Amino acid sequence: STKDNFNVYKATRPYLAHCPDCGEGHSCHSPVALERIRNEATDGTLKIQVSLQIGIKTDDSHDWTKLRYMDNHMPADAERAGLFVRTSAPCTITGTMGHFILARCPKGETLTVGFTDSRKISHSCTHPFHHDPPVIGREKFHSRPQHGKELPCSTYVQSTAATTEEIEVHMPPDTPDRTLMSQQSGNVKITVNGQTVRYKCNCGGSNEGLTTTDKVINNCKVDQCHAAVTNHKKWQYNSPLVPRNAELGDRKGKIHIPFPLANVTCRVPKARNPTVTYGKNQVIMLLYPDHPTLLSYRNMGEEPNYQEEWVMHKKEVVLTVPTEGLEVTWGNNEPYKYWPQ
Amino acid sequence: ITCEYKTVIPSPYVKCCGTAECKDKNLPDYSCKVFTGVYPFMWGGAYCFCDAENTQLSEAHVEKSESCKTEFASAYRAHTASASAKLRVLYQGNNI
Amino acid sequence: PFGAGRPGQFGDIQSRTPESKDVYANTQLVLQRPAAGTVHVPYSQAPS
Amino acid sequence: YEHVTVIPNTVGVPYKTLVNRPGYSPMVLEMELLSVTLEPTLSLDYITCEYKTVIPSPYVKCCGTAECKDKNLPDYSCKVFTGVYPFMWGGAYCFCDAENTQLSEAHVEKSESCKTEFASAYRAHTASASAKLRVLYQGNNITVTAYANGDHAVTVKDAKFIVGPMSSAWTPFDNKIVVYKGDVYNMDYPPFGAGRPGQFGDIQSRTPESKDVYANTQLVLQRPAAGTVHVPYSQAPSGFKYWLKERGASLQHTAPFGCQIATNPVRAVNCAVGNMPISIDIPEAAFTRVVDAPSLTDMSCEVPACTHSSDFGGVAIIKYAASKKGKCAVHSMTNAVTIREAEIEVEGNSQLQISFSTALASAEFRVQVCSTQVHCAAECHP
Amino acid sequence: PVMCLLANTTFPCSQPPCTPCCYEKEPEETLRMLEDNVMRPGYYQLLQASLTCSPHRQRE
């Protein structure tokens, strides 16, 4: 029994869609077209949606080392290792499943997603995207600590499971193909090749029809005709970069997606406690930050007079301690309280 | 409650050799426009048989993003607070 | 207030409850004419 | 064109407003307040209900001394009674004549009824005023629901409506309120952990799902009767049961200005207090130019029947000479007289019939049909 | 009992009449059926059953 073999990818397929920059600023019908970039995760993780499907082979089988993309009319297999994500510099890919990629990217103004096909030909899609993720906590750090202050943050979970979030899907539109038509001496010959072809000619007689068998259009030229293969057996993401199917109305399905956004915990480092010296209603701190650290302070009376500054390097701070008291917060550390003697 | 919005844009209705029609849909920020004189191309050539008289119906609406359950801000009307106190009393050599 | 939110500002989208099906939206969403021979839905909208 | 008027905050009274855009034929709009809702923001402090005195089987320690231990339970009471000799049907329960002890224990918790029968204590603050207004606009009745703050703009058939701000900020609700089913009460309820025995709040639960509850019921365990197995006790009766009979009439019956009180959500409906300003931004298309509207001449008015009352007890027949066929607005130029009809159809040398309301015994009033005025003389009877 | 729709009939969402291998047998018909139940609360029960293939000509 294979009663637990539910595979949504048997119904869906990778596709070709519009990309404004396929390299060198020129637009193309991309097999790695960018659909949507999600940046709701406060931890800085990007949830990227593309036209291809990662971790799935053409036979619908799941294989993490493989990737499937639309090659002209038919989907083809490609290596997962060849897949790359970049902004101003390369990104760290944290998870891949179907149309979705999880990536940790450096600061940038564009977002590029690419891969290398079977023929060793590189394909990429560039979209303008301002990426500069906000700071988690009060300290701008580079690497993730094992221990630190536990702060609330959101991330896209690395779980391959699809249970909460979803996308709209529908049948793809008719796929135009000029190779279906040929010039039989001085007429039009439409060869279906075991497919359902929708044809239309700028000639008399039986000029149109949804055919399953070969058709001939006598007293007609090849340029006067339009031929397209219909796709009623497959599903495709409801993409605004692909036209809607003309035959069916507002017909649509829905499928669950991997990596949903969830509330988690982010560990942040606590900046080293500064060298503190005292004076009459005055506190002097010698700040030695290892990275940008936020310093904030307020009076504990009627007039708090809240002040804040990002401390980048070695700086001596002179603060007035009123009779009511002074509260000082240095980065992710718990607030220090000062009172006059 | 407020959160990040999502612009829901389905596949555009490209009516080949015809004129598409926009209808008033009761959806938040519903936008509909029919563009005349379109001639769109796919990888294998032109999508429409006709050179002229093709229309593209573009439609969009706004709804809550998938993030709204996790990332959100709540707007509250705050009135007359109840004051509560926790007091430690050293009573009969014991802390109560 | 609800139904008074401005585009690109706090309240551009307003939901009475987190479970609410219908929401208020004022994001200044304007659909644009697609590029020559291109299938896409270009638009102008005030950011979140 | 923005038309601004002020109507009294009274529900079920149709008001006529004359819109006069310069160079455009007069427009008569009928406005009626269908409902005025004052919904306060509620913050649940606690819920109260009937308490349950949980008394298990007493521990009768035969030939020994039982020991009471401090249990963190609401109104926990424990007492060990010495010199007991209890009997059951088949004789004495204990082998020993003397040295037998009975440990009696009890605690208070929410009754099984607390999910069904309960009163909620709320902190009520700054109410948001809302209004439902019926407008006779272009021969059709339109409904406008807006917050009466003078900021919430509601557009119906291209006409932008701005309702309020309310002239009176009055509310029938105090800072602290108590809700029982469909009834609301203004009550300075005791705070959580301050409830008194036999009074509202003897038992207090922060939420209806709360496991731990506050209890002050004056529960005191008594010595059992000679040779009897039972747990006698003294306790102040249910404060909630006492409040249910001592609450008096709810806000629906006691509130001034004829307030109607509803629950789910808690709100004050149709409180007849102060006035309500109305702003209507009428679109360009709704108006008809004076030249495009019929011109009326040779006007005469006759009143064959009149009774001065609160309703339309007056009848007036107005003769006219119209330049062309079309719709004309009907309006009283005298504030002491009001006309039922807002718009009538005119055609050449014909007559119109209108219904009017007045309190005057001798009513002399002017009627403006389109852009021409006519004097009406009426002798109204009691 | 969660109910789904197929033309003029109602059926349990987890049990479509096309089972087993709904998609393998009739791919167009299966997708059309799923599209007709997109608004139904038991859509994901129908999606799971329709896109699962445990054929007869198999040991396990």
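Chains A, R, P, E and W are the protein sequences, given in the same order. For the first sequence, the authors' numbering begins at 1 and goes up steadily by one. For the second sequence, the authors' numbering begins at 47 and goes up steadily by one. For the third sequence, the authors' numbering begins at 191 and goes up steadily by one. For the fourth sequence, the authors' numbering begins at 1 and goes up steadily by one. For the fifth sequence, the authors' numbering begins at 5 and goes up steadily by one. Cβ coordinates follow ideal geometry from the N, Cα and C atoms, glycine included.
Below 9 Å between beta carbons: does that hold for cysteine 78 of chain E and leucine 221 of chain E?
-> As a working note, residue 78 of chain E is residue 78 in the fourth sequence. As a working note, residue 221 of chain E is residue 221 in the fourth sequence. Yes, these two residues count as a Cβ contact at 9 Å.
Using the C-alpha atoms, what's the distance from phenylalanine 115 of chain A back to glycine 55 of chain A?
-> Mapped onto the first sequence, residue 55 of chain A falls at position 55. Mapped onto the first sequence, residue 115 of chain A falls at position 115. Rounded to whole angstroms, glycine 55 of chain A to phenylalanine 115 of chain A spans 13 Å at the Cα level.
Could you tell me whether any Cβ in chain R is nearer than 9 Å to the Cβ of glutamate 165 of chain A?
-> Against the first sequence, residue 165 of chain A aligns to sequence position 165. Yes, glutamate 165 of chain A lies at the interface with chain R (some Cβ there is under 9 Å from its Cβ).
Between the region 113 to 130 of chain R and the region 214 to 232 of chain P, are three or more C-beta pairs nearer than 8 Å?
-> no
So with Cβ pairs under 9 Å, would you call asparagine 149 of chain E a contact of chain P?
-> Position 149 of the fourth sequence, counted from the start, is the residue given in the question as residue 149 of chain E. Yes - at least one Cβ of chain P is within 9 Å of the one on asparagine 149 of chain E.
Per DSSP, what kind of secondary structure is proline 31 of chain W in: helix, strand or coil?
-> Here residue 31 of chain W corresponds to residue number 27 of the fifth sequence, with the count starting at 1. Residue state, collapsed to three classes: helix.
Flag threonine 48 of chain R as yes if its beta-carbon sits less than 9 Å from any beta-carbon of chain E, otherwise no.
-> Here residue 48 of chain R is taken as the residue at index 2 of the second sequence, counted from 1. Not an interface residue.
If you measure from the beta carbon of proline 197 of chain P to each beta carbon in chain E, is any gap under 9 Å?
-> Counted from its first residue, the third sequence places residue 197 of chain P at position 7. False, the Cβ-Cβ gap to chain E never drops below 9 Å.
According to the neighbour-count rule (16 or more other Cβ atoms, all chains shown, within 10 Å of its Cβ), is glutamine 368 of chain E buried or exposed?
-> Your numbering for residue 368 of chain E matches position 368 in the fourth sequence. Under this definition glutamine 368 of chain E is a buried residue.
Spell out whether any CB of chain P is found under 9 Å from the CB atom of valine 154 of chain E.
-> The residue given as residue 154 of chain E occupies position 154 in the fourth sequence. Answer yes: the Cβ-Cβ gap between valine 154 of chain E and chain P drops below 9 Å somewhere.
Starting from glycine 326 of chain E, trace the beta strand (DSSP E) both ways and give me its first and last residue.
-> In the fourth sequence, residue 326 of chain E corresponds to position 326, counting from 1. Unbroken beta strand (DSSP E) run through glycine 326 of chain E: 326 to 332.
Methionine 171 of chain A to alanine 262 of chain A span [Cα, whole Å] | Taking the first sequence and counting its residues from 1, one reaches residue 171 of chain A at position 171. Taking the first sequence and counting its residues from 1, one reaches residue 262 of chain A at position 262. The straight-line gap from Cα to Cα measures roughly 31 Å.
Which first and last residues belong to the alpha helix (DSSP H) in which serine 54 of chain W is found?
-> Along the fifth sequence, read from residue 1 onward, the residue named residue 54 of chain W stands at position 50. Residues 47 to 54.
Bridge partner(s) assigned by DSSP for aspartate 77 of chain A = Here the question's residue 77 of chain A lines up with position 77 in the first sequence. DSSP output for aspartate 77 of chain A lists A/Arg68 as bridge partner(s).
Thinking just about the alpha-carbon of each residue, which of E/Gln260, E/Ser295, E/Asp75 is nearest to the one in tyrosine 51 of chain E?
-> The sequence position of residue 51 of chain E within the fourth sequence is 51, counting from 1. The shortest Cα separation from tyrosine 51 of chain E among E/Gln260, E/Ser295, E/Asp75 belongs to E/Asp75.
Range of the contiguous beta strand (DSSP E) that encloses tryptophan 330 of chain A = Position 330 of the first sequence holds residue 330 of chain A. Looking at the DSSP string, the run of the beta strand (DSSP E) that includes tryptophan 330 of chain A is 326 to 330.
Would you tell me roughly how many angstroms separate the C-alpha atoms of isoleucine 37 of chain A and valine 85 of chain A, rounded to the nearest one?
-> Reading the first sequence from its first residue, position 37 is the one you call residue 37 of chain A. Reading the first sequence from its first residue, position 85 is the one you call residue 85 of chain A. Each residue's alpha carbon lies about 12 Å from the other.
Just how far apart, CA to CA, sit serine 210 of chain P and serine 118 of chain A?
-> Mapped onto the third sequence, residue 210 of chain P falls at position 20. Mapped onto the first sequence, residue 118 of chain A falls at position 118. Computed Cα separation, rounded: 48 Å.
Comparing the C-beta of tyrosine 122 of chain R with each C-beta of chain E, is any distance below 9 Å?
-> Stepping through the second sequence from its first residue, residue 122 of chain R is reached at position 76. Cβ-Cβ to chain E under 9 Å: yes for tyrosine 122 of chain R.
Determine the direct distance from the alpha carbon of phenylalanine 87 of chain R to that of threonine 329 of chain A, and round the result to whole angstroms.
-> Reading the first sequence from its first residue, position 329 is the one you call residue 329 of chain A. Reading the second sequence from its first residue, position 41 is the one you call residue 87 of chain R. Those two C-alpha atoms are separated by around 59 Å.
Since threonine 56 of chain W meets chain A, which of its residues come closer than 9 Å, beta carbon to beta carbon?
-> To locate residue 56 of chain W, count along the fifth sequence from 1; it is residue 52. Correct list: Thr2, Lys3, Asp4, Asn5, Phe6, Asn7.
Same chain, Cβ closer than 7 Å to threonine 334 of chain E, neighbours up to 5 away in sequence not counted | Counted from its first residue, the fourth sequence places residue 334 of chain E at position 334. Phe365, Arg366.
State buried or exposed for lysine 157 of chain E, treating a residue as buried only when at least 16 other CB atoms are found within 10 Å of its CB.
-> Walking along the fourth sequence from the start, residue 157 of chain E turns up at place 157. Classification for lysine 157 of chain E: exposed.
Residues, ordered as in the chain, of the region 64 to 81 of chain A that lie near chain R by beta-carbon distance below 8 Å | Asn72, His73
Contact between the region 181 to 190 of chain A and the region 148 to 158 of chain A: three or more CB pairs below 8 Å?
-> no
For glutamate 284 of chain E, three-class secondary structure by DSSP | Here residue 284 of chain E is taken as the residue at index 284 of the fourth sequence, counted from 1. Residue state, collapsed to three classes: helix.
Look up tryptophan 235 of chain A in the DSSP assignment and say whether it is helix, strand or coil.
-> One-based indexing of the first sequence puts residue 235 of chain A at position 235. Here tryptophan 235 of chain A sits in strand by DSSP.
Limits of the unbroken beta strand (DSSP E) element including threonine 155 of chain A | Within the first sequence, the letter at position 155 stands for residue 155 of chain A. Where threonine 155 of chain A is concerned, the enclosing beta strand (DSSP E) stretches over 149 to 156.
Reduced DSSP secondary structure (H/G/I, E/B, other) of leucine 52 of chain A = Start at 1 with the first residue of the first sequence, and residue 52 of chain A comes out as number 52. DSSP places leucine 52 of chain A in strand when its eight states are reduced to three.
Between the beta-carbon of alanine 361 of chain E and the beta-carbon of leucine 136 of chain E, is there less than 9 Å?
-> Taking the first residue of the fourth sequence as position 1, residue 361 of chain E is located at position 361. Taking the first residue of the fourth sequence as position 1, residue 136 of chain E is located at position 136. No, the Cβ-Cβ distance between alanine 361 of chain E and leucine 136 of chain E is not below 9 Å.
Looking at the unbroken alpha helix (DSSP H) that takes in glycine 239 of chain E, where does it start and where does it end?
-> Counted from its first residue, the fourth sequence places residue 239 of chain E at position 239. Unbroken alpha helix (DSSP H) run through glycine 239 of chain E: 239 to 246.
Could you spell out where the beta strand (DSSP E) holding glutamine 307 of chain A opens and where it closes?
-> As a first step, residue 307 of chain A must be located in the first sequence, where it is residue number 307. Where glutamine 307 of chain A is concerned, the enclosing beta strand (DSSP E) stretches over 307 to 311.
Host beta strand (DSSP E) of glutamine 102 of chain E (start-end) | Counting from one through the fourth sequence, the residue named residue 102 of chain E turns up at place 102. Where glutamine 102 of chain E is concerned, the enclosing beta strand (DSSP E) stretches over 101 to 110.
Buried or exposed by the 16-neighbour rule on C-beta atoms within 10 Å, applied to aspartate 4 of chain A | Against the first sequence, residue 4 of chain A aligns to sequence position 4. Under this definition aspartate 4 of chain A is an exposed residue.
Check whether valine 54 of chain E and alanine 66 of chain E have beta carbons under 9 Å apart = Here residue 54 of chain E refers to the residue found at position 54 of the fourth sequence. Here residue 66 of chain E refers to the residue found at position 66 of the fourth sequence. Their beta carbons are not under 9 Å apart, which means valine 54 of chain E does not touch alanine 66 of chain E by this criterion.
Amino acids of chain P, ordered along the chain, whose beta-carbon sits closer than 8 Å to that of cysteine 63 of chain R | Reading the second sequence from its first residue, position 17 is the one you call residue 63 of chain R. Simply none; closest approach about 16 Å.
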